[PDB]
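What follows is a set of notes on a single structure, which appears directly below.
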Amino acid sequence: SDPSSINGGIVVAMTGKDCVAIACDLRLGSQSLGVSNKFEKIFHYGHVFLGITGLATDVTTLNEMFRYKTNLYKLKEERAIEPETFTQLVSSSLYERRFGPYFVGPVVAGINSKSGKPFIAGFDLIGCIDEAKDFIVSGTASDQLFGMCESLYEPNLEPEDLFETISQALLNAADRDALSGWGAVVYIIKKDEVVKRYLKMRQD
Amino acid sequence: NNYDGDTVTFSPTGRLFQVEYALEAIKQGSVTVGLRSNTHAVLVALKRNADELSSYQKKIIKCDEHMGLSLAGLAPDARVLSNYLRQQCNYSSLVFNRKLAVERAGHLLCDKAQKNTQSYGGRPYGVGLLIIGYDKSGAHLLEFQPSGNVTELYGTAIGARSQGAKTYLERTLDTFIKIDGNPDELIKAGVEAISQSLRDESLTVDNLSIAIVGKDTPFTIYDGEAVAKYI
Amino acid sequence: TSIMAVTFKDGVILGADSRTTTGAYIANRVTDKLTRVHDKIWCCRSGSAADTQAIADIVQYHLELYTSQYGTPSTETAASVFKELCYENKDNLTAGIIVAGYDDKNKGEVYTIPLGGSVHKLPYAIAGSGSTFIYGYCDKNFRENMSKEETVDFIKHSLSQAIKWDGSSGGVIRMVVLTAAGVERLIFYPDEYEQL
Amino acid sequence: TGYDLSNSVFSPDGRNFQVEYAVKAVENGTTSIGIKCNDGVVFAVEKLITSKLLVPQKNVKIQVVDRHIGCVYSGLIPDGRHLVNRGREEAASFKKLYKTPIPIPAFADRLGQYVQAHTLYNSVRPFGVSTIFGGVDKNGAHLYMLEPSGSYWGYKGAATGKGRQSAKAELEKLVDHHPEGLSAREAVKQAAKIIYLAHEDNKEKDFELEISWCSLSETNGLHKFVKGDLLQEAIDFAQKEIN
Amino acid sequence: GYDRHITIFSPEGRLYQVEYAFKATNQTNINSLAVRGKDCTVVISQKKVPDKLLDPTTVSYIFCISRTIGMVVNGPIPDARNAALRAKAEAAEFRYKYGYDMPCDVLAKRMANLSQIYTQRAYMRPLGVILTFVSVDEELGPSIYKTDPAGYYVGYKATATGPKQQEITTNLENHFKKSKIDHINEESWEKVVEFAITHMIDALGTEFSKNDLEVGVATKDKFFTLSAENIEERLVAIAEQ
Amino acid sequence: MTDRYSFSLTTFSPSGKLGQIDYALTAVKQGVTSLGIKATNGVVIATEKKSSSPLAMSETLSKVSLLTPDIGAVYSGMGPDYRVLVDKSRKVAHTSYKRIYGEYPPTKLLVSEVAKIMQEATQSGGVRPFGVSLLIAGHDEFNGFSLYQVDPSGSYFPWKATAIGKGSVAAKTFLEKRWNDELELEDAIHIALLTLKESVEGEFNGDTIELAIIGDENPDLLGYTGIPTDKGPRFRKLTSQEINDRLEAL
Amino acid sequence: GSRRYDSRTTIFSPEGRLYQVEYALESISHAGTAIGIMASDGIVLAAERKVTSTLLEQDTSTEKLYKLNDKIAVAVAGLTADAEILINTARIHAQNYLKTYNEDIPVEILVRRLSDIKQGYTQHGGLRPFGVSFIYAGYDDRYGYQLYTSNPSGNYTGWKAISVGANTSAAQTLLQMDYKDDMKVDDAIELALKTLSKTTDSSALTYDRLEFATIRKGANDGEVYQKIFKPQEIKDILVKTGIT
Amino acid sequence: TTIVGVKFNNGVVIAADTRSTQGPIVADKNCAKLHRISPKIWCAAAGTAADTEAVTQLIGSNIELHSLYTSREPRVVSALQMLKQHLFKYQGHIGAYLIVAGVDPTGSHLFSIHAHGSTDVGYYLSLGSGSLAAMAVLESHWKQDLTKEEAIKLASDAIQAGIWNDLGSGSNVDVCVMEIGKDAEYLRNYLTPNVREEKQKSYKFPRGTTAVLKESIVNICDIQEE
Ligand SMILES: *[B]([O])([O])[C]([C][C]([C])[C])[N]C(=O)[C]([C]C1=[C][C]=[C][C]=[C]1)[N]C(=O)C1=[C]N=[C][C]=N1
Ligand SMILES: *[B]([O])([O])[C]([C][C]([C])[C])[N]C(=O)[C]([C]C1=[C][C]=[C][C]=[C]1)[N]C(=O)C1=[C]N=[C][C]=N1
Ligand SMILES: [Cl-]
Ligand SMILES: [Mg+2]
Ligand SMILES: [Mg+2]
Ligand SMILES: [Mg+2]
Ligand SMILES: [Mg+2]
């Protein structure tokens with residue numbers, strides 16, 4: 001009944017020293033029934049990464065919508081959209097459905113190509129922006145992720161340390177949620193290289 | 001000349017040529033006569049045929065139990081206007097339980113015709129109407145022209161050669177107005193009036209069309225052997 | 001809310017309390033419920049603050065535009081514009097408005113417009129939650145053609161009682177005097193009116 | 001050239017020839033007048049008796065708007081009726097919103113703006129009427145006259161149609177000879193005389209006199225038609241003055 | 001030659017209908033003048049009542065748009081009243097939406113933008129009027145802003161409009177060349193009206209009675225028109241010095 | 001009371017000419033000279049304040065208009081057409097950009113939107129083209145400084161420097177000789193004043209000339225402090241005094 | 001009424017031609033020449049700019065060659081403002097197709113859509129047609145490399161090599177002479193520039209007068225790259241082929 | 001949320017806390033609740049966060065266009081009127097509760113506006129869940145003729161009352177001062193009385209602690225040449 005917890009799932013993002021990390025679980029279900037263990041929730045438009053939790057039809061629809069909009073942006077502007085600008089585009093797009101919203105919890109992550117500055121942001125379903133320095137959490141295990149992040153996180157972590165922190169934050173939060181888990185992916189993002197890692201986690 | 005392309009254009013002398021051309025269609029139409037007394041009102045119409053195989057075009061239309069008209073000019077425009085009158089008569093009945101006054105019926109036709117003379121795209125109505133009726137103030141006869149001008153009269157005629165019947169009625173005025181409580185004598189005076197507008201052709205059984213409305217008489221149309229009495 | 005408008009010999013006086021409430025919390029204790037729709041046509045507002053402001057703003061607009069075209073509107077005309085809004089939007093509004101104004105021809109006039117959108121021309125009017133407690137008092141003490149000082153005392157004593165008994169009413173007693181002389185604003189504080 | 005073929009086109013003069021052509025239709029029509037009196041207004045009109053078959057007193061030309069305003073016009077009669085129908089809608093919406101009946105100056109601008117709107121586009125034709133109208137409001141009596149252009153002013157006396165010059169001359173005498181003012185009953189008599197004098201310009205066909213009036217004393221500030229004895233008294237006065 | 005009937009460009013880059021609307025402006029044969037004092041803005045206009053049958057009190061080309069804004073029109077009265085009604089509506093709507101009185105210059109811009117639309121859109125004709133807006137604005141002080149059928153508008157130190165505008169314009173130009181200031185250095189509006197009438201008399205070369213003139217005065221927080229007796233008081237003071 | 005002009009008033013003639021666009025360009029030719037010059041660290045736009053009367057206050061008529069804090073515009077041709085275009089240009093910068101992306105549009109895209117509005121007047125029903133050519137100068141983070149011309153057709157071209165209107169042929173030749181890719185903003189203002197003196201007949205001073213720059217960020221003109229990223233408008237209109245100072249070193 | 005001033009843009013002549021389309025084509029014949037040449041391993045788009053001024057900022061300028069998506073580009077001949085209206089519509093159509101099917105739009109489908117829009121202006125609405133002719137250069141996995149042209153009538157056709165705008169008669173003769181089916185991109189580049197060099201109304205063909213582009217399946221690991229040539233790169237390819 | 005506005009001698013000051021919450025969870029610890037409508041018109045927001053941002057940006061956008069159209073600096077009453085008419089139209093469904101303050105050519109102003117579209121005038125105002133705690137402080141310490149320094153002090157004390165006593169409010173105090181004839185000064189994190197203490201332990205993991213199945217490079221670049 002509650003659209004935000006039919007399919008389940010989580011996204012978490014963190015900043016480090018000259019880097020960001022964004023991670024998500026792979027589960028898609030119909031309440032108790034697990035259906036897919038390959039349903040990725042992180043997409044990218046150029047160098048800007050977008051994680052989306054919530055109702056899976058809206059996750060897919062918004063991915064297709066932001067691909068559409070960032071493609072046209074690029075043709076007209078003659079450059080890739082930056083994370084700060086994309087954040088505003090996500091907010092605008094969500095708020096224009098104020099009274100019939102997409103049931104989602106988006107998370108933007110990326111490095112501004114000009115300034116080199118690490119950037120993350122989170123949103124509610126109607127487009128309010130939380131632009132955090134430290135970390136952003138989203139999904140059915142958001143309480144669990146908040147607890148893990150708030151204890152495990154420290155600022156200015158190197159990419160390969162930040163990988164361990166975000167992975168342990170996701171995995172342990174997912175294991176305390178019935179509707180999250182079934183695999184996990186972690187993107188480590190630096191100014192001009194991006195490493196993607198699939199995590200081994202318990203499959204229940 | 002240059003000012004007759006549409007109804008929205010005045011000529012330099014203040015004339016509306018499209019309205020005057022619509023007026024011309026009435027003069028080409030077949031003659032019809034209207035007249036009344038204090039008790040009854042009568043329409044008499046000379047119907048026209050295409051040839052000997054064809055029927056004679058109907059000239060008289062019933063609008064309500066107490067009101068109807070005869071036409072001269074474009075018959076489809078008479079159908080549009082009579083249908084409008086039927087609806088307005090009907091609205092007066094359903095909403096107010098009130099038979100529509102004949103004077104008010106004229107005012108409604110005037111205003112309907114007028115809108116077509118002031119706006120672009122539309123055209124004036126190409127037909128003249130003689131409305132008879134009996135309401136709360138007795139018998140009435142109206143003449144409608146598609147300029148919008150509506151006129152209450154004791155008698156009149158419109159169509160081709162209508163000036164002959166109109167002169168007769170102008171002489172007979174004092175006689176036929178007094179024909180009260182005698183429908184057959186009032187029709188006789190109407191049939192004698194329309195005879196003044198005839199040339200070559202004469203009034204036959206399927207040529208003539210008569211209608212009457214009065215005090216204890218609903219609007220009824222007489223055609224065929226029903227009018228043989230008056231020939 | 002406790003509001004009233006009273007006609008007297010020289011014109012009309014409008015009076016009101018100054019309290020706005022969200023449940024039992026007093027959101028505003030110095031509210032001005034006496035509002036100008038024209039130079040000498042004012043209204044008393046009760047009910048929803050948002051609704052009455054929205055209506056009063058629209059009425060002020062309509063009468064400004066009336067004045068540009070046709071000169072000064074009558075108090076009856078102002079009451080009619082209030083009515084038209086309150087009646088036609090009765091399903092979506094909670095507004096109890098008293099309209100009061102001064103012409104030189106008609107002198108002081110008071111019109112009350114309750115929830116339904118009906119209009120009632122009266123010598124004086126009372127409205128708002130606190131008015132229930134002063135129907136008795138106002139009926140016994142009102143006279144026609146009172147002086148300015150008598151009418152100020154009549155409103156002061158009346159709203160004092162309305163305030164005393166109604167929790168939804170309180171704060172200061174504001175008044176607005178409408179005569180040929182002009183527009184006078186009066187204020188009366190708790191220490192003055194509570195001891196009456 | 002071609003500037004006169006379409007409405008709303010300025011000629012090189014700065015004129016709208018279509019509006020000037022509408023005036024010709026007005027000049028072609030029958031004579032109608034208005035007289036402002038002490039506490040009201042009087043309207044009168046020439047009705048040409050085309051035929052004996054016309055029913056006397058039936059084809060009424062003067063029209064009432066609300067209960068306090070009279071309207072009369074010369075030119076295309078249907079155009080006048082269209083304008084009065086609009087006038088009635090304007091007066092109704094005014095009374096609906098503001099309660100009071102529409103003031104005469106307020107009413108005058110409602111017609112004026114509507115007539116003027118029919119000189120703004122080529123998709124419509126200007127009005128082929130000059131309309132004389134007025135009545136009694138809270139500020140007293142008001143008489144107006146409104147042309148095809150949308151132009152209107154207040155008047156002491158007004159006249160339009162084929163007999164307008166004759167009428168205007170007679171109205172000008174009344175203004176000079178009665179500076180303190182004219183009574184309502186006097187104005188009815190004078191209105192009859194002026195229509196009779198103005199009938200020399202339409203002298204071929206005989207005519208029918210029609211008068212109406214609003215007066216604060218004589219009609220309680222409501223529009224009424226002059227009927228029966230008071231009409232015949234005005235006709236007799238008019239018949240005596242021409243002889 | 002249909003480029004002369006509607007508002008499209010001629011080969012010369014001209015809009016003939018706009019130019020012909022400017023000529024309609026002078027059809028009334030009335031001259032208007034506007035000047036600014038310290039505390040006020042005065043506008044005067046010729047009043048011609050040719051017909052004795054006219055009610056002279058209803059013959060006017062000065063309009064009270066809002067409490068603060070007055071408008072004098074040079075052009076035919078139907079277009080003048082069209083413009084007046086719209087300006088009144090616009091001024092009232094502005095107050096409702098934005099919570100303060102519409103400034104004189106902003107109304108002038110708005111009316112000029114509307115006039116521009118008639119020069120670009122074919123179905124609407126230009127109004128054959130020049131609109132002179134006057135006020136004492138709460139920010140800018142005494143203000144004169146004038147609109148025409150082209151959709152042009154600008155602020156003025158003083159201005160004149162009509163058949164004999166150039167004669168009035170040069171008369172005013174020469175005064176401000178002497179005084180070397182943007183206004184009439186005078187405390188009372190009464191003396192600023194006297195200035196306006198005096199300099200119109202000098203420029204036009206005609207004397208005026210009380211019924212030949214029509215006066216509008218803008219002060220802080222109101223605009224009002226003078227009665228015939230208020231003008232007579234002005235004319236007496238001019239003659240006595 | 002109908003808009004029946006649902007058909008184009010600009011059509012192709014047998015020769016392939018769009019007559020109304022050509023005639024609009026003729027109206028632009030009659031209009032007063034305006035110009036734009038691009039420097040390395042700025043852009044300058046300038047024009048003559050042709051006063052219709054000496055009683056008129058020419059300060060109230062602004063030929064050079066701010067569109068966004070970093071974009072300015074000037075014109076040659078019909079002033080009323082320009083005024084409504086500026087209103088629409090300011091609004092479209094918000095509706096089709098700032099309300100979506102939370103930042104002002106880059107110069108080229110705002111130009112593209114203005115161009116679109118002018119193209120539509122060249123094809124839509126019942127309208128004539130705009131009788132103006134615009135010069136739009138602006139700055140944005142990723143494109144840097146830029147200067148664009150926009151014609152009645154809707155066509156737009158980027159320029160290093162150009163002129164439009166009355167004496168544009170002569171003025172463009174003057175700019176070809178003086179312009180180089182190493183100009184500082186002060187050098188461009190100097191060249192702008194020299195170029196504009198040729199096309200002006202009468203008085204030549206800060207009161208008869210209107211000149212604005214797209215230059216450095218002006219934090220003093222921002223109106224508030226406390227947000228490090230908001231550094232102030234790059235658009236600045238030069239004062240009457242600031243112009244006269246540079247006319248002494250001319 | 002308004003009928004008086006209606007040009008009637010969507011009617012037949014007595015001969016059965018569309019007046020406004022024919023006159024729009026006459027407009028296009030004066031525009032700067034644009035050439036498209038299709039090879040086995042890519043497509044070339046070459047086009048001549050119309051407004052030679054030394055003060056025109058060329059590196060930030062775009063009047064001829066526009067990008068529709070990553071796989072499809074167009075060369076314009078005619079009114080640039082008209083072309084930009086259509087280009088933005090075509091860009092949207094491509095993204096609507098991508099959103100719907102999750103596949104890049106096939107070239108012909110995009111071309112047909114634009115051509116159908118142009119057709120509509122010739123049959124209804126009473127508006128003037130778009131005074132634009134396009135050369136579409138594109139790739140998809142069905143037909144591979146494709147060249148099309150569309151004109152104001154809304155008719156479109158496919159080509160191995162084609163010109164639009166000025167001197168097309170002369171340009172098409174020269175292309176028909178030197179084109180062969182086994183030709184490559186580098187050879188097609190040379191043919192495109194040589195054809196413009198001979199047909200141009202200017203005294204000499206220079207880098208500042210040209211816009212140039214290639215679509216190659218000669219990207220890293222079997223992908224398709226759109227290269228819009230920079231001014232310096234056009235200057236280099238002019239020296240390489242031996243024109244300057 | 002705790003938001004306040006306090007009038008002083010030559011202007012107006014507004015303040016707010018920096019916590020946003022969903023249920024009992026703190027979503028953001030350093031929220032920015034002071035919104036710029038125009039350079040010298042700012043407002044503090046409470047209620048639904050997306051709504052307050054959207055409503056201030058829309059009115060701020062239209063105020064900017066109005067300011068350009070009229071060649072005048074924007075007025076607080078215009079922002080007030082545009083906000084209330086918009087909120088009234090949406091019948092309370094746009095959950096924006098705002099304290100609107102500023103300076104303009106007319107003077108200094110302080111208003112509140114509620115979600116249903118009612119507005120109020122005052123010398124001191126508070127809104128949000130911590131408004132009762134803030135209003136208690138304001139009712140105890142406010143006086144007429146406050147200086148700038150006294151008004152900032154009073155405003156921040158009123159926010160602190162909300163921070164400490166209301167669970168809906170917390171973290172830091174943001175202030176904006178708008179004085180007549182001066183630039184508005186936005187003081188982000190004016191007070192910071194809630195810094196977290198050092199943790200007892202570091203939770204940095206040894207590298208290789210997490211089990212991995214697959215690694216791959218992600219292509220973020222465009223299609224390459226040659
Ligand atoms: B009064 O109590 O009726 C008063 C009149 C209003 C014009 C200030 N109404 C209110 O205070 C209403 C509640 C109410 C009380 C009693 C009867 C009807 C309604 N309050 C509000 O409208 C309100 C409260 N807090 C914020 C905004 N609006
Ligand atoms: B304050 O407490 O009023 C505050 C003001 C806001 C401008 C930051 N409100 C909130 O933080 C609201 C509370 C709320 C919760 C649920 C429904 C409506 C309002 N929170 C949010 O708007 C919120 C919470 N999580 C994510 C995004 N937005
Ligand atoms: Cl506007
Ligand atoms: Mg689990
Ligand atoms: Mg399980
Ligand atoms: Mg109490
Ligand atoms: Mg036009």
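Residues are referred to by chain and number: the chain letter is A, B, ... according to the order shown in the structure tokens, the number counts from 1 in that chain, and ligands are numbered separately from 1 in the order shown.
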Please report as a PyMOL selection string which residues of chain F come no farther than 8 Å from chain G, using only C-alpha atoms.
chain F and resi 4-17+115-116+119+123-125+153-162+176
Residues within 8 Å of ligand 7 (only C-alpha atoms and all ligand atoms), as a list in words?
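Protein and nucleic-acid residues within 8 Å of ligand 7: residues 6, 7, 8, 17, 118, 119, 120, 121, 122, 123, 124, 125 and 126 of chain E.
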With only C-alpha atoms and all ligand atoms counted, collect every polymer residue having an atom within 8 Å of ligand 3; state the result as a compact mmCIF listing (two decimals) with C-alpha atoms, in the first residue's frame.
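Everything below was put into part39.txt:
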# COMPACT_ATOMS: atom_id res chain seq x y z
CA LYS E 109 4.94 51.97 -19.82
CA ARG E 110 2.04 49.50 -19.53
CA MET E 111 -0.22 51.59 -21.79
CA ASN E 113 3.27 48.29 -24.34
CA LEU E 114 -0.44 47.83 -25.16
CA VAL F 84 8.73 44.58 -25.30
CA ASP F 87 10.50 42.39 -21.18
Enter the distance from atom CA of residue 154 of chain D to atom CA of residue 134 of chain D, in Å, rounded to one decimal.
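Atom CA of residue 134 of chain D lies 9.2 Å from atom CA of residue 154 of chain D.
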Exercise answer, 6 Å around ligand 2 with only C-alpha atoms and all ligand atoms, as a list in words:
residues 124 and 128 of chain A; 1, 20, 21, 22, 27, 33, 45, 46, 47, 48, 49, 52, 128 and 168 of chain H
Output the selection as an mmCIF file, in the first residue's frame - N, CA and C atoms for each residue.
data_model
loop_
_atom_site.group_PDB
_atom_site.id
_atom_site.type_symbol
_atom_site.label_atom_id
_atom_site.label_comp_id
_atom_site.auth_asym_id
_atom_site.auth_seq_id
_atom_site.Cartn_x
_atom_site.Cartn_y
_atom_site.Cartn_z
ATOM 1 N N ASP A 124 13.848 14.636 -0.908
ATOM 2 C CA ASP A 124 12.563 13.981 -0.656
ATOM 3 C C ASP A 124 11.806 13.835 -1.986
ATOM 4 N N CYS A 128 12.801 18.691 -2.249
ATOM 5 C CA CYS A 128 13.609 19.422 -1.268
ATOM 6 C C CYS A 128 15.046 18.916 -1.293
ATOM 7 N N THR H 1 10.881 23.424 13.675
ATOM 8 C CA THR H 1 11.603 24.660 13.241
ATOM 9 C C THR H 1 11.324 25.777 14.241
ATOM 10 N N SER H 20 16.131 20.093 9.957
ATOM 11 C CA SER H 20 14.943 19.582 9.274
ATOM 12 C C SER H 20 14.754 18.126 9.681
ATOM 13 N N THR H 21 13.503 17.711 9.846
ATOM 14 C CA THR H 21 13.192 16.385 10.369
ATOM 15 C C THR H 21 12.102 15.689 9.576
ATOM 16 N N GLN H 22 12.182 14.364 9.501
ATOM 17 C CA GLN H 22 11.048 13.548 9.079
ATOM 18 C C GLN H 22 10.771 12.540 10.182
ATOM 19 N N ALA H 27 16.845 14.728 9.337
ATOM 20 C CA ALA H 27 17.242 14.588 7.937
ATOM 21 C C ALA H 27 18.458 15.452 7.584
ATOM 22 N N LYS H 33 17.398 27.911 6.336
ATOM 23 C CA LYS H 33 15.994 28.335 6.360
ATOM 24 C C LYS H 33 15.772 29.823 6.105
ATOM 25 N N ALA H 45 11.698 30.427 6.903
ATOM 26 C CA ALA H 45 10.651 29.476 6.538
ATOM 27 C C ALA H 45 10.519 28.322 7.509
ATOM 28 N N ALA H 46 9.280 27.867 7.656
ATOM 29 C CA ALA H 46 8.927 26.699 8.448
ATOM 30 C C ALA H 46 7.839 25.943 7.693
ATOM 31 N N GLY H 47 7.642 24.678 8.047
ATOM 32 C CA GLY H 47 6.639 23.829 7.396
ATOM 33 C C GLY H 47 7.288 22.854 6.439
ATOM 34 N N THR H 48 6.605 22.563 5.333
ATOM 35 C CA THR H 48 7.113 21.631 4.325
ATOM 36 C C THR H 48 8.242 22.285 3.529
ATOM 37 N N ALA H 49 9.427 21.681 3.588
ATOM 38 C CA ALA H 49 10.664 22.300 3.082
ATOM 39 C C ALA H 49 10.662 22.598 1.588
ATOM 40 N N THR H 52 8.415 25.655 0.847
ATOM 41 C CA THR H 52 8.964 26.949 1.254
ATOM 42 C C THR H 52 10.017 27.433 0.273
ATOM 43 N N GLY H 128 6.778 28.117 13.614
ATOM 44 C CA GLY H 128 7.298 26.746 13.687
ATOM 45 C C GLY H 128 7.006 26.046 15.006
ATOM 46 N N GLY H 168 11.726 19.465 17.652
ATOM 47 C CA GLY H 168 11.680 19.822 16.235
ATOM 48 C C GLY H 168 12.753 20.790 15.747
#
Among segment 111-232 of chain D, which ones does DSSP assign to strand (DSSP E) (computed from the backbone)? Answer as a PyMOL selection string.
chain D and resi 129-137+140-146+152-154+157-160+207-215+223-225
One decimal, in Å: what's the spacing between atom CA of residue 84 of chain B and atom CA of residue 1 of chain F?
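Computing it gives 24.7 Å between the two atoms.
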Write out as an MDAnalysis selection string all residues of segment 53-177 of chain A that DSSP puts in alpha helix (DSSP H) for this structure's backbone.
chainID A and resid 56:77 83:95 142:152 159:174
Go ahead and save the residues from that selection, with C-alpha atoms, as a short mmCIF file (atom, residue, chain, number, x, y, z; two decimals), in the first residue's frame.
data_model
loop_
_atom_site.label_atom_id
_atom_site.label_comp_id
_atom_site.auth_asym_id
_atom_site.auth_seq_id
_atom_site.Cartn_x
_atom_site.Cartn_y
_atom_site.Cartn_z
CA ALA A 56 10.67 0.85 -9.02
CA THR A 57 8.46 2.02 -11.91
CA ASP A 58 9.29 5.62 -10.90
CA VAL A 59 13.01 4.77 -10.51
CA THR A 60 13.00 3.55 -14.13
CA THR A 61 10.80 6.45 -15.35
CA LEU A 62 13.01 9.12 -13.75
CA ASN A 63 16.20 7.54 -15.08
CA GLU A 64 14.68 7.73 -18.57
CA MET A 65 13.49 11.29 -17.86
CA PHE A 66 16.90 12.58 -16.66
CA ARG A 67 18.70 10.84 -19.54
CA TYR A 68 16.30 12.70 -21.87
CA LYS A 69 16.85 16.07 -20.18
CA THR A 70 20.64 15.80 -19.79
CA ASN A 71 20.98 14.72 -23.47
CA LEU A 72 19.14 17.87 -24.61
CA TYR A 73 21.11 19.96 -22.09
CA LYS A 74 24.35 18.72 -23.63
CA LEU A 75 23.27 19.42 -27.23
CA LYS A 76 22.27 23.02 -26.41
CA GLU A 77 24.96 23.90 -23.84
CA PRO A 83 26.37 17.97 -10.20
CA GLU A 84 25.25 21.34 -8.75
CA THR A 85 23.18 22.13 -11.87
CA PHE A 86 21.79 18.59 -12.11
CA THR A 87 20.69 18.77 -8.45
CA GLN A 88 18.57 21.83 -9.30
CA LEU A 89 17.14 20.02 -12.35
CA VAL A 90 16.14 17.03 -10.19
CA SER A 91 14.49 19.36 -7.64
CA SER A 92 12.61 21.31 -10.37
CA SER A 93 11.42 18.11 -12.02
CA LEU A 94 10.18 16.53 -8.78
CA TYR A 95 8.41 19.67 -7.53
CA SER A 142 17.45 4.87 5.85
CA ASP A 143 17.27 4.81 9.69
CA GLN A 144 19.82 1.96 9.63
CA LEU A 145 22.04 3.83 7.13
CA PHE A 146 21.89 7.05 9.20
CA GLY A 147 23.12 5.10 12.23
CA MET A 148 25.97 3.41 10.33
CA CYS A 149 27.10 6.56 8.51
CA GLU A 150 26.91 8.76 11.63
CA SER A 151 29.20 6.34 13.57
CA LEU A 152 31.50 4.94 10.81
CA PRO A 159 39.29 6.51 -2.11
CA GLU A 160 40.29 2.96 -1.03
CA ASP A 161 39.43 3.67 2.63
CA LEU A 162 36.16 5.41 1.68
CA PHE A 163 35.27 2.22 -0.23
CA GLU A 164 35.52 0.15 2.98
CA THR A 165 33.46 2.65 5.03
CA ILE A 166 30.56 3.05 2.56
CA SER A 167 30.48 -0.73 1.89
CA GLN A 168 30.27 -1.58 5.60
CA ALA A 169 27.61 1.13 6.05
CA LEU A 170 25.46 -0.33 3.26
CA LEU A 171 25.94 -4.05 4.09
CA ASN A 172 25.19 -3.84 7.81
CA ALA A 173 22.18 -1.53 7.27
CA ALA A 174 20.78 -3.86 4.57
#
Could you give me, as a PDB file with C-alpha atoms, in the first residue's frame, every polymer residue with an atom at most 10 Å away from an atom of ligand 6, counting only C-alpha atoms and all ligand atoms?
ATOM      1  CA  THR C   1     -13.490  37.212  18.177  1.00  0.00           C
ATOM      2  CA  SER C   2     -15.797  39.953  19.455  1.00  0.00           C
ATOM      3  CA  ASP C  17     -10.919  42.785  20.082  1.00  0.00           C
ATOM      4  CA  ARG C  19      -6.921  38.220  19.394  1.00  0.00           C
ATOM      5  CA  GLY C 130     -17.689  36.396  21.949  1.00  0.00           C
ATOM      6  CA  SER C 160     -15.164  44.220  27.800  1.00  0.00           C
ATOM      7  CA  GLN C 161     -17.803  41.599  28.735  1.00  0.00           C
ATOM      8  CA  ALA C 162     -17.360  39.652  25.483  1.00  0.00           C
ATOM      9  CA  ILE C 163     -13.604  39.514  26.226  1.00  0.00           C
ATOM     10  CA  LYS C 164     -14.173  38.547  29.908  1.00  0.00           C
ATOM     11  CA  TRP C 165     -16.247  35.461  29.068  1.00  0.00           C
ATOM     12  CA  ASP C 166     -14.901  34.371  25.640  1.00  0.00           C
ATOM     13  CA  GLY C 167     -11.454  32.730  25.547  1.00  0.00           C
ATOM     14  CA  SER C 168     -11.249  33.326  21.784  1.00  0.00           C
ATOM     15  CA  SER C 169     -11.465  37.108  22.434  1.00  0.00           C
ATOM     16  CA  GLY C 170      -8.943  39.324  24.212  1.00  0.00           C
ATOM     17  CA  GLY C 171      -6.095  41.818  24.066  1.00  0.00           C
TER      18      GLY C 171
END
Around ligand 4, out to 6 Å and counting only C-alpha atoms and all ligand atoms, which residues are there? I want them as a PyMOL selection string.
chain A and resi 174-181+204
